[PDB]
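Coordinates as given in work-v8.txt (compact mmCIF, C-alpha atoms and all ligand atoms):
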# COMPACT_ATOMS: atom_id res chain seq x y z
CA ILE A 1 -34.11 -2.08 2.36
CA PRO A 2 -35.04 1.54 3.13
CA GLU A 3 -35.07 4.48 0.78
CA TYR A 4 -32.37 6.25 2.81
CA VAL A 5 -29.44 4.81 4.71
CA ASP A 6 -26.88 6.93 6.56
CA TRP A 7 -24.53 5.10 8.89
CA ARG A 8 -23.34 8.44 10.28
CA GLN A 9 -26.75 8.91 11.89
CA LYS A 10 -26.46 5.47 13.50
CA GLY A 11 -23.13 6.53 15.00
CA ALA A 12 -21.17 3.99 12.95
CA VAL A 13 -18.84 6.43 11.16
CA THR A 14 -15.82 8.12 12.68
CA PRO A 15 -14.63 11.62 11.74
CA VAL A 16 -13.35 12.19 8.23
CA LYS A 17 -9.64 11.60 7.80
CA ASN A 18 -7.07 13.04 5.43
CA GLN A 19 -4.76 10.46 3.92
CA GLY A 20 -2.29 13.14 2.89
CA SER A 21 0.00 12.56 -0.05
CA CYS A 22 0.27 8.83 0.68
CA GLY A 23 -1.67 6.56 -1.68
CA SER A 24 -3.27 4.88 1.31
CA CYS A 25 -6.92 5.23 0.25
CA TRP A 26 -7.22 1.44 0.29
CA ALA A 27 -6.36 1.35 3.99
CA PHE A 28 -8.60 4.28 4.85
CA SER A 29 -11.43 2.65 2.93
CA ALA A 30 -10.92 -0.66 4.72
CA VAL A 31 -10.80 0.97 8.15
CA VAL A 32 -14.10 2.78 7.58
CA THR A 33 -15.75 -0.59 7.02
CA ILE A 34 -14.08 -2.07 10.12
CA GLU A 35 -15.08 0.91 12.26
CA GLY A 36 -18.61 0.51 10.94
CA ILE A 37 -19.02 -3.22 11.44
CA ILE A 38 -17.49 -3.12 14.94
CA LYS A 39 -19.97 -0.45 15.96
CA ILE A 40 -22.81 -2.41 14.37
CA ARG A 41 -21.89 -5.61 16.27
CA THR A 42 -20.66 -4.23 19.58
CA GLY A 43 -22.27 -0.80 19.96
CA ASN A 44 -18.85 0.85 20.38
CA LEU A 45 -17.52 3.29 17.82
CA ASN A 46 -13.72 3.12 17.79
CA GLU A 47 -11.13 4.42 15.38
CA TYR A 48 -8.76 1.83 13.97
CA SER A 49 -5.35 2.11 12.43
CA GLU A 50 -4.98 2.82 8.74
CA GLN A 51 -1.24 2.96 9.42
CA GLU A 52 -1.20 -0.64 10.58
CA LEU A 53 -2.71 -1.75 7.28
CA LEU A 54 -0.32 0.50 5.37
CA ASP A 55 2.62 -1.05 7.22
CA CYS A 56 1.41 -4.62 7.49
CA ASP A 57 -0.53 -5.54 4.34
CA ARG A 58 2.18 -7.26 2.33
CA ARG A 59 -0.03 -7.73 -0.74
CA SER A 60 -0.49 -3.97 -0.99
CA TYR A 61 2.16 -1.40 -1.86
CA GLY A 62 2.08 1.04 1.02
CA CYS A 63 1.73 4.61 -0.15
CA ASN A 64 1.93 3.48 -3.77
CA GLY A 65 -1.54 1.99 -3.43
CA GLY A 66 -3.09 -1.29 -2.56
CA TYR A 67 -6.15 -3.40 -2.18
CA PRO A 68 -9.08 -2.86 0.18
CA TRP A 69 -9.78 -6.58 0.02
CA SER A 70 -6.25 -7.52 1.10
CA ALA A 71 -6.38 -5.10 4.01
CA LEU A 72 -9.72 -6.55 5.06
CA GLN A 73 -8.34 -10.07 4.85
CA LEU A 74 -5.46 -8.92 7.06
CA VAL A 75 -7.87 -7.79 9.77
CA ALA A 76 -9.82 -11.05 9.49
CA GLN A 77 -6.67 -13.16 9.79
CA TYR A 78 -4.85 -11.10 12.43
CA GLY A 79 -6.76 -8.07 13.65
CA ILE A 80 -6.25 -4.35 13.95
CA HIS A 81 -5.16 -1.92 16.65
CA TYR A 82 -6.77 1.29 17.78
CA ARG A 83 -5.81 4.33 15.78
CA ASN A 84 -4.57 6.03 18.95
CA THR A 85 -2.23 3.07 19.54
CA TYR A 86 -0.98 3.02 15.94
CA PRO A 87 -1.47 6.55 14.64
CA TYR A 88 -1.32 7.58 11.05
CA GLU A 89 2.02 8.85 9.87
CA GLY A 90 1.35 9.06 6.15
CA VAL A 91 4.43 7.01 5.24
CA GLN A 92 4.86 3.28 5.06
CA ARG A 93 7.08 2.04 7.84
CA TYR A 94 7.63 -1.45 9.16
CA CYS A 95 4.73 -3.47 10.53
CA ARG A 96 4.61 -2.68 14.25
CA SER A 97 1.57 -4.73 15.24
CA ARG A 98 3.60 -6.93 17.60
CA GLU A 99 5.07 -3.97 19.47
CA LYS A 100 1.58 -2.47 19.98
CA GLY A 101 0.23 -5.23 22.21
CA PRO A 102 -2.92 -7.24 21.58
CA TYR A 103 -5.19 -6.36 18.70
CA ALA A 104 -8.19 -4.21 19.53
CA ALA A 105 -10.57 -5.81 17.02
CA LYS A 106 -10.76 -8.77 14.70
CA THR A 107 -13.17 -9.58 11.90
CA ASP A 108 -14.22 -12.98 10.64
CA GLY A 109 -13.80 -12.55 6.90
CA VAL A 110 -14.27 -10.51 3.75
CA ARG A 111 -17.02 -10.71 1.17
CA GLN A 112 -17.17 -9.20 -2.29
CA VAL A 113 -20.31 -7.51 -3.53
CA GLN A 114 -21.42 -8.85 -6.89
CA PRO A 115 -19.81 -6.33 -9.28
CA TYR A 116 -21.64 -4.13 -11.75
CA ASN A 117 -24.89 -4.49 -9.82
CA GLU A 118 -26.29 -1.37 -8.18
CA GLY A 119 -28.89 -3.31 -6.23
CA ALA A 120 -26.30 -5.68 -4.80
CA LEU A 121 -24.24 -2.73 -3.57
CA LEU A 122 -27.24 -0.95 -2.06
CA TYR A 123 -28.22 -4.11 -0.24
CA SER A 124 -24.73 -4.33 1.23
CA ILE A 125 -24.71 -0.66 2.25
CA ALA A 126 -28.02 -1.13 4.00
CA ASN A 127 -26.26 -3.71 6.15
CA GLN A 128 -22.96 -1.93 6.76
CA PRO A 129 -20.41 0.45 5.26
CA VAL A 130 -18.79 -1.03 2.19
CA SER A 131 -15.44 -0.41 0.58
CA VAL A 132 -15.90 0.75 -3.01
CA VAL A 133 -13.59 2.02 -5.72
CA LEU A 134 -14.07 4.81 -8.21
CA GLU A 135 -12.18 6.95 -10.66
CA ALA A 136 -10.99 10.00 -8.72
CA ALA A 137 -8.32 11.28 -11.11
CA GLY A 138 -10.67 13.53 -13.07
CA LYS A 139 -10.65 17.21 -12.16
CA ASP A 140 -14.43 17.20 -11.73
CA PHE A 141 -14.19 14.68 -8.91
CA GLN A 142 -11.16 16.41 -7.43
CA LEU A 143 -12.87 19.81 -7.43
CA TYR A 144 -16.17 18.47 -6.11
CA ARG A 145 -17.63 20.80 -3.51
CA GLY A 146 -21.13 19.38 -3.09
CA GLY A 147 -24.29 18.25 -4.76
CA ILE A 148 -25.09 14.93 -6.32
CA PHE A 149 -22.05 14.14 -8.42
CA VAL A 150 -22.77 12.82 -11.91
CA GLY A 151 -19.32 13.14 -13.37
CA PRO A 152 -17.93 13.60 -15.84
CA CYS A 153 -15.77 10.65 -15.09
CA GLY A 154 -14.73 7.39 -16.67
CA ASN A 155 -14.46 3.95 -15.13
CA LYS A 156 -10.65 3.92 -14.74
CA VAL A 157 -11.06 3.28 -11.03
CA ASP A 158 -8.09 4.44 -9.04
CA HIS A 159 -9.32 5.38 -5.56
CA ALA A 160 -10.83 3.40 -2.71
CA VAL A 161 -13.47 5.07 -0.58
CA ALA A 162 -16.27 3.79 1.62
CA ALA A 163 -19.98 3.86 0.93
CA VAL A 164 -21.75 4.74 4.17
CA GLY A 165 -25.23 5.45 2.88
CA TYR A 166 -27.48 6.04 -0.06
CA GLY A 167 -30.64 7.78 -1.08
CA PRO A 168 -33.01 7.53 -4.01
CA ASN A 169 -30.57 9.26 -6.38
CA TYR A 170 -27.16 8.83 -4.78
CA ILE A 171 -24.69 6.74 -2.91
CA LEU A 172 -23.08 8.47 0.07
CA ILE A 173 -19.31 8.13 0.14
CA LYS A 174 -16.83 8.90 2.89
CA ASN A 175 -13.67 10.13 1.27
CA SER A 176 -10.25 10.40 2.91
CA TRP A 177 -9.32 13.85 1.65
CA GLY A 178 -10.10 15.78 4.83
CA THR A 179 -13.15 17.72 5.89
CA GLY A 180 -12.50 20.53 3.41
CA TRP A 181 -13.28 18.38 0.40
CA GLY A 182 -16.77 17.81 -0.92
CA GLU A 183 -19.57 17.85 1.64
CA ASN A 184 -17.52 18.00 4.84
CA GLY A 185 -15.44 15.16 3.46
CA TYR A 186 -18.30 13.24 1.81
CA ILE A 187 -19.56 12.89 -1.75
CA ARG A 188 -22.99 11.89 -2.95
CA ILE A 189 -22.57 10.10 -6.25
CA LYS A 190 -25.49 9.61 -8.62
CA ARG A 191 -27.02 6.15 -8.80
CA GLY A 192 -29.77 4.67 -10.94
CA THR A 193 -28.33 5.68 -14.32
CA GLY A 194 -28.46 2.13 -15.69
CA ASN A 195 -24.70 2.31 -16.28
CA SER A 196 -23.63 -1.06 -14.91
CA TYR A 197 -20.14 0.22 -14.13
CA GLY A 198 -21.67 2.84 -11.88
CA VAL A 199 -20.83 6.51 -12.08
CA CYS A 200 -17.03 6.83 -12.12
CA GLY A 201 -16.83 3.04 -12.05
CA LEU A 202 -18.38 2.87 -8.57
CA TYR A 203 -19.67 -0.71 -8.99
CA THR A 204 -16.34 -2.17 -10.10
CA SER A 205 -14.97 -3.71 -6.91
CA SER A 206 -16.75 -3.60 -3.54
CA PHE A 207 -15.93 -5.49 -0.37
CA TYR A 208 -17.06 -5.53 3.22
CA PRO A 209 -15.81 -7.22 6.38
CA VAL A 210 -17.81 -9.99 7.95
CA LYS A 211 -18.11 -9.98 11.74
CA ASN A 212 -20.15 -12.58 13.60
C1 LIG B 1 -5.67 5.21 -3.87
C2 LIG B 1 -5.20 6.52 -3.30
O1 LIG B 1 -4.80 6.62 -2.18
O2 LIG B 1 -5.25 7.52 -4.17
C3 LIG B 1 -6.25 7.49 -5.21
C4 LIG B 1 -5.79 8.32 -6.39
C5 LIG B 1 -4.43 4.43 -4.31
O3 LIG B 1 -3.85 5.08 -5.40
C6 LIG B 1 -4.80 2.97 -4.59
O4 LIG B 1 -4.63 2.15 -3.71
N1 LIG B 1 -5.28 2.63 -5.80
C7 LIG B 1 -5.62 1.25 -6.11
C8 LIG B 1 -6.90 1.17 -6.94
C9 LIG B 1 -8.07 0.52 -6.21
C10 LIG B 1 -8.35 1.30 -4.94
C11 LIG B 1 -7.70 -0.92 -5.83
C12 LIG B 1 -4.52 0.55 -6.91
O5 LIG B 1 -3.97 -0.49 -6.54
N2 LIG B 1 -4.24 1.18 -8.05
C13 LIG B 1 -3.25 0.71 -9.00
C14 LIG B 1 -3.89 -0.18 -10.06
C15 LIG B 1 -2.97 -0.53 -11.23
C16 LIG B 1 -1.70 -1.26 -10.79
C17 LIG B 1 -3.73 -1.34 -12.28
Here is the file; what I need is its structure written in the form of structure tokens.
Ligand SMILES: *[C@@H](C(=O)OCC)[C@H](O)C(=O)N[C@@H](CC(C)C)C(=O)NCCC(C)C
Amino acid sequence: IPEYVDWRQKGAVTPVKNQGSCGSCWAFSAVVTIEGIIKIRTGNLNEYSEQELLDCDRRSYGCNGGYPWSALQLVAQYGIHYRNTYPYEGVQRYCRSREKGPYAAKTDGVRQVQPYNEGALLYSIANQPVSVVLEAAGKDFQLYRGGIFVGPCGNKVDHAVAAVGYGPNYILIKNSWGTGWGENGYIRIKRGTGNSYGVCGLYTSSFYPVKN
């Protein structure tokens, strides 16, 4: 795999979103990976509905948080609608998939990246955007405005984001806190520290959709 990967330059990443006060990071994270893999397979970059996952993933807890892997299993089992069809409202409502007509996209499964393994994660990122978790509660992460982020942070992972690239010293992360946060909505987090948890626990729990 190459020294640099940046799915934004391959046109596989949609604009940065703001999840608002809703604890819907897990859905935003999942959708980034779906938007990425659909563009990789079909050549079309579309935006898909975080709201649908919020509303429809019964294993997750709506705005109280949830699981990227569940949301990704939902899209593999059922599918997902366009974001324009099922726009984000920032509150959990009832699952409206049936009222929104046929699904716009469907994946074929979910895979987990071997945890606590930087190389495994980089390999996955080189193939497609990956859903990753990290500890975002620390003020240093919250106040990040740019640069390669090294912490401080612990491994009390609490926030799902998407890894859309990497370089020799960092993993490139699309956050869901709007374009005002970090580097136009992105964070580069240090890699290669030999910490098997990853910086801020970044290697704890990583998943990606499979699309044939
Ligand atoms: C993420 C978010 O929108 O805000 C981050 C502060 C959610 O809070 C979320 O879904 N968190 C998620 C942790 C990873 C992403 C799976 C979660 O389920 N946290 C609660 C875990 C606890 C019950 C042990």
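The residue that comes closest to ligand LIG 1 (chain B), out of A:11, A:87, A:201, A:147 and on the basis of only C-alpha atoms and all ligand atoms, is A:201.
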Tell me, counting only C-alpha atoms, for each residue of stretch 20-123 of chain A within 12 Å of stretch 157-161 of chain A, which pair of atoms is nearest and how far apart they are in Å to one decimal, in rows ordered by chain and increasing number, as a tab-separated table.
residue	atom	partner	partner_atom	distance
A:22	CA	A:159	CA	12.0
A:23	CA	A:159	CA	8.7
A:24	CA	A:160	CA	8.7
A:25	CA	A:160	CA	5.2
A:26	CA	A:160	CA	5.1
A:27	CA	A:160	CA	8.3
A:28	CA	A:161	CA	7.3
A:29	CA	A:161	CA	4.7
A:30	CA	A:161	CA	8.2
A:31	CA	A:161	CA	10.0
A:32	CA	A:161	CA	8.5
A:33	CA	A:161	CA	9.7
A:64	CA	A:158	CA	11.4
A:65	CA	A:159	CA	8.7
A:66	CA	A:160	CA	9.1
A:67	CA	A:160	CA	8.3
A:68	CA	A:160	CA	7.1
A:69	CA	A:160	CA	10.4
A:71	CA	A:160	CA	11.7
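Minimum atom-to-atom distances from A:138, A:192, A:167, A:101 to ligand LIG 1 (chain B) were compared using all atoms listed in the file, and the lowest value belongs to A:138.
With all atoms listed in the file as the atoms that count, the residue of A:142, A:18, A:97, A:77 with the shortest distance to residue A:110 is A:77.
For the pair atom CA of residue A:168 and atom CA of residue A:119, the separation is 11.8 Å.
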Expressed in Å to a single decimal, how great is the separation between atom CA of residue A:44 and atom CA of residue A:2?
-> 23.7 Å
Shell around residue A:88 at 10 Å using only C-alpha atoms, local window under 4 positions removed, as a PyMOL selection string = chain A and resi 17-20+48-52+54+83-84+92
Polymer residues at most 12 Å from residue A:135, only C-alpha atoms, same-chain spacing of 5 or more positions, as a PyMOL selection string | chain A and resi 140-142+151-161+189+197-205
Determine, counting all atoms listed in the file, every residue of protein, DNA or RNA that lies within 12 Å of (-27.1, -1.3, 10.3) in the file coordinates, then give the result as a count of residues only.
-> 31
From the set A:212, A:184, A:179, A:70, which residue has the shortest atom-to-atom contact distance to ligand LIG 1 (chain B), counting all atoms listed in the file?
-> A:70
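Of note, atom CA of residue A:190 and atom CA of residue A:176 are spaced 19.1 Å apart.
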Choose the residue, out of A:46, A:196, A:93, A:134, that has the smallest atom-to-atom separation from residue A:175; count all atoms listed in the file.
-> A:134
Any chance you could work out the axis-aligned box around stretch 189-195 of chain A, listed atoms only, 8 Å on each side, giving centre and edge lengths in Å to one decimal, as AutoDock Vina command-line options?
--center_x -26.2 --center_y 6.1 --center_z -11.3 --size_x 23.2 --size_y 24.0 --size_z 26.0
For each of A:81, A:145, A:106, A:139, take the minimum atom-to-atom distance to ligand LIG 1 (chain B), counting all atoms listed in the file, then give the residue where this is smallest.
-> A:139
Reconstructed stretch 99-111 of chain A, atom set N, CA and C atoms, as a short mmCIF file (atom, residue, chain, number, x, y, z; two decimals), keeping the file's coordinate frame:
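Final output, saved to part36.cif:
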data_model
loop_
_atom_site.label_atom_id
_atom_site.label_comp_id
_atom_site.auth_asym_id
_atom_site.auth_seq_id
_atom_site.Cartn_x
_atom_site.Cartn_y
_atom_site.Cartn_z
N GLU A 99 4.64 -4.87 18.41
CA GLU A 99 5.07 -3.97 19.47
C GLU A 99 3.91 -3.23 20.12
N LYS A 100 2.72 -3.26 19.52
CA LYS A 100 1.58 -2.47 19.98
C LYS A 100 0.65 -3.27 20.88
N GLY A 101 1.06 -4.44 21.33
CA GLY A 101 0.23 -5.23 22.21
C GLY A 101 -0.89 -5.93 21.47
N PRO A 102 -1.86 -6.44 22.21
CA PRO A 102 -2.92 -7.24 21.58
C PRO A 102 -3.79 -6.38 20.68
N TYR A 103 -4.30 -7.03 19.64
CA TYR A 103 -5.19 -6.36 18.70
C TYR A 103 -6.43 -5.87 19.43
N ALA A 104 -6.98 -4.76 18.95
CA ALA A 104 -8.19 -4.21 19.53
C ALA A 104 -9.46 -4.82 18.96
N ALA A 105 -9.39 -5.33 17.73
CA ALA A 105 -10.57 -5.81 17.02
C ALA A 105 -10.13 -6.81 15.98
N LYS A 106 -11.01 -7.74 15.68
CA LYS A 106 -10.76 -8.77 14.70
C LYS A 106 -12.07 -9.03 13.97
N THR A 107 -11.99 -9.23 12.67
CA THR A 107 -13.17 -9.58 11.90
C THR A 107 -13.08 -11.05 11.52
N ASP A 108 -14.15 -11.56 10.94
CA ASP A 108 -14.22 -12.98 10.64
C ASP A 108 -14.08 -13.29 9.16
N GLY A 109 -13.98 -12.28 8.31
CA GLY A 109 -13.80 -12.55 6.90
C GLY A 109 -14.09 -11.32 6.08
N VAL A 110 -14.03 -11.54 4.76
CA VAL A 110 -14.27 -10.51 3.75
C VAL A 110 -15.21 -11.09 2.71
N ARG A 111 -16.18 -10.30 2.28
CA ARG A 111 -17.02 -10.71 1.17
C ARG A 111 -16.96 -9.66 0.08
#
